[PDB]
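Take a look at this single chain in C-alpha cells; it is the form deposited in one PDB entry.
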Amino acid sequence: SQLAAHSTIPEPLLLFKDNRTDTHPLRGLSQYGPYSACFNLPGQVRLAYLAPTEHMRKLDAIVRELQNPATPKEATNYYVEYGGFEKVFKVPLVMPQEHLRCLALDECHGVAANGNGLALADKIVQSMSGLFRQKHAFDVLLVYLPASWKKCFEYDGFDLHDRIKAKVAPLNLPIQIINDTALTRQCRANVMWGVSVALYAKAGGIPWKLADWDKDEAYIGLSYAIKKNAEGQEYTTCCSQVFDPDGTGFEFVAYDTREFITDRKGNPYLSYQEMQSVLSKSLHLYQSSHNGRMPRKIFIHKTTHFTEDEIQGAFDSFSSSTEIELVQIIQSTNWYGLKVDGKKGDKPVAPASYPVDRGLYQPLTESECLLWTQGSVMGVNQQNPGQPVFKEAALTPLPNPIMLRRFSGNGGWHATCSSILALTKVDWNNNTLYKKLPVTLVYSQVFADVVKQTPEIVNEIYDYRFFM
C-alpha cells in the first residue's frame, strides 16, 4: 500500500575562486571565476592548431568567437551569457603564432579515402610531431577533423577518438577535438561554454569542485567494455579513482585492471587476485597523494554485481578500521516517480506542474534504493527565480531514476546517496548542470573504450585532462 518514508538531499554546492559557493556552474564561473585562478595556474592558456590547410579558417573563427562575448539562444532558463574567455576565466586566451599552427600532411586525405583509420591516427600524430619539440611553448592543442573523414570515424571495432587520445596520452600533450557539430550549432553559447571550460581544464586548471568534501574518503568506479573478434569476446575492465589531496588539488585518474598484459577475460567480473591487485593499486595511489595516511572509508561503484570473490578481495585489501561500501548502479529500472504538490491555500492536493525534484531517493528494501539523479532543481532558473528547471525536458518528459544495491554496509542511504549525487557534477567535459551517472563510471567507461581500442598503454596511471 504505502512505502517507507523517502528523503530529498540538497543540490550540492560547487567551490569557486576564493572559496565561494555556487550551485550553477556557468553562473558561478561568470560571477566569481575559476577555482585555480586565485593560484593563477595556468598564468595563460596557450593554443595550438591541428587541421588541414583548407580548414584553418574554421579554427581561427572558433577561437575568435571564444574570445568574444555570446548570449544564449536555446535553453535560456539555465543558460547564461558568455562574457569572453579572458573576462570569465580571468586569464587570457592567446592566439597561436605561425610556428604553433600545424598542418596535416596531404596523405591524411588519401588515407581517409581508403578507410584505414589506424593509418589516419598515425598520420595525425606524424603531422603533430613538431609540437612535441614545441610543447614547452603552449599548453593545449586544438585538433579539427573535417566531415570528409566521417567514414573513418567509428566503424566495427575502431574509434578514431580513442586511438588519437591513446597515442597522444604518453606524450603528455592534452588535445581537443573539434568537429562540424561545434561549428554548425544554433546555440553558440553551448559551444563557447563547453570549449572554454574544457580548454581551461586541459591547460591544468580546475574550473570547479564540490564545496564540502571529506579528504579521508576515496571513490572507485569500475566499468567494462566489449571487444568483438572472430575468436570470441574480450572484456576490457578499467578503474577510475576520484579523491582530493590534503590541499588545493583534485585527483581524477583512471587506470587499467590487468595485472599483466595479454590476460584475457570473457566475463566482466574479476577474480580475487585481480580485485586485490587493482584495489591495492588504488590504495597505493591514495597513499602517495595523501602523505602516507590511509583512507577512513572507501566507496566502490560498479555497473554489474559483486561476486563473492570480489567482496572477499575488497574486504582483504584494506584493514579493519577502514569501512568499505559496495554499491550497484543500475541505469534501467521499471519504476518512475510522480510529484504531487501538497495542500496550499485554496488549491487542494494536486500533481505539481514540474517533475520530482532531483535528490529524492526512495528506500525500497533493506538493500535496494532508488536515487533520482535526474529531476528538477530549485534556485537555478534565470528567467524566473521561482520556477524549477528540468534539464532533459526535450528528451525525457519524466525523469527515470537509477537503482542502488548495497552488497555490504550497516549505515543508512544518506551518505552513499549524497556521495553519488555530488559526484555527478564535476564532469568538466559537459556544459550542463549534472550527469545521470557519477563521474567515476563515465571516466571508467571512456578509459575502457580507450584501452580496448589500444591495449599497448596499460599499467600507467593517467589523469582526466588527457581523455576529456
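Just so we're on the same page, rigid core means the largest C-alpha set that superposes within 1.5 Å between forms. A residue's number is simply how far along the shown sequence it sits, counting from 1.
Quick note: we don't show the form deposited in another entry, though the next part is all about it.
Once you line up the core between this form and the one not shown, the CA of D244 is the only one from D244, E323, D139, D159 that shifts by 2 Å or more.
Residue displacement note: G386 has its CA displaced by under 2 Å between this form and the one not shown (rigid core superposed). Positional change of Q233 between this form and the one not shown reaches 2 Å or more at the C-alpha, relative to the superposed core. A change of 3 Å or more separates the two forms for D18 and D244: their C-alpha atoms lie farther apart in the other entry.
An increase of at least 3 Å in the separation of the C-alpha atoms of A166 and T236 is found in the other entry, compared with the displayed form.
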